[PDB]
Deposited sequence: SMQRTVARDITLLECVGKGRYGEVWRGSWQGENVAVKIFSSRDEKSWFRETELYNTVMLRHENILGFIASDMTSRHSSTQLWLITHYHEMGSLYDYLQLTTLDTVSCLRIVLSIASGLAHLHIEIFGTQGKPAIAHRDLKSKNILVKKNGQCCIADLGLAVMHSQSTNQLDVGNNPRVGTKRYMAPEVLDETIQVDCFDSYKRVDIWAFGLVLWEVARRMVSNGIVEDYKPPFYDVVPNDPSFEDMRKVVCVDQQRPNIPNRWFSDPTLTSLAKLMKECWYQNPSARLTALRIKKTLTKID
């Protein structure tokens, strides 16, 4: 039989130290192609090993298509091929777009749904999975208004995370590394920061905050590990909740939720399943 393999790379939609992401075409259909730098080969191996263990299929997880390794003269080429989401990342989307109550809740409940799917072991099924690098650049926006979680290069089944989004126990090196639940609680911290990023862009009484990343007012760009440790661990700062949120029932409820993702004590933080339940009871 014929195995029509070739993907046409059409345009570069992201370039970094990780490598590059391209919009590509296969059999007349868009795919996303992540081409790994030599620097980040282990992310390709980890995500490939995970998908070789469990073929995740969930509306709020970026859809896997293929992992490809191709021999070159003097190098190995590593590609990850996934579904393509033309609206791009949540980070991208929040820069210019404002939200209403329905679109804000649909975004954050979709992320909570993807995260709970990763976290919960299913028997017969899937291992429990922690993401370890959850942030708004690792979430894509779909045309139907839901999001999906991307990049399982650091995922653990039962490179370090982005420093801006690191939980206090990672920064002060107290994390219980032998306890899988520790990794879930690190993702919940990061989820709370994403929930804050999104909620700022929800309009209430004609007011909205500009897009800012978590801790924009207390750390530099490309904050150091020490910069973050002083803010999060030593001074125990948390992102600001604007007064205008307390006039809006949705943002009042979202502020309570994000506070319950940011407890210093990791075992006090909400679970992804409890976050989903709380979000279904808002509005």
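Residues 1-3, 128-129, 164-176 of the deposited sequence, counted from 1, carry no C-alpha coordinates in the model.
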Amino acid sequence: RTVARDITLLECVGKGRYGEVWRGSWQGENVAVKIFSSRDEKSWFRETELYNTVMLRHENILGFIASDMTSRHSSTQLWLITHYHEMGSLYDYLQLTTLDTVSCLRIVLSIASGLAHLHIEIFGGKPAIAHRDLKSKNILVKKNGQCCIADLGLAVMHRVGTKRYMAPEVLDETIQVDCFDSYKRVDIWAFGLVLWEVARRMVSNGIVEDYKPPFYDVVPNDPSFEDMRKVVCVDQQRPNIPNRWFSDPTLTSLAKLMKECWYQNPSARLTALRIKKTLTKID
From here on, numbers count along this sequence of modelled residues.
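Whichever C-alpha set is largest while still superposing within 1.5 Å between the two forms counts as the rigid core.
Superposing the other copies on the rigid core and comparing 8-16 to 268-276, farther C-alpha placement in 6 other deposited structures of this protein marks 8-16.
Displacement analysis by core superposition in 6 other deposited structures of this protein ranks 75-83 above the other of 113-121 and 75-83 in root-mean-square C-alpha distance from the shown form.
24-32 and 42-50 differ in mean CA B-factor, and the higher of the two is recorded for 24-32. Comparing 256-264 with 8-16, the higher mean C-alpha B-factor in the PDB entry belongs to 8-16. Of the candidates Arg72, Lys137, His85, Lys212, the PDB record gives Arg72 the highest C-alpha temperature factor. Highest C-alpha temperature factor among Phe123, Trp196, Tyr183, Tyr165, as the PDB entry reports it: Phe123. When the modelled residues of the chain are ordered by their C-alpha B factor, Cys104 lands in the middle third.
The deposited CA B-factor of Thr250 belongs to the middle third of values across its chain.
For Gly206, the recorded CA temperature factor ranks within the highest third of the chain's modelled residues.
Ranked by C-alpha B-factor against the other modelled residues of its chain, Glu173 falls in the highest third. Residue-level temperature factors show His158 in the highest third of its chain, judged at the C-alpha atom.
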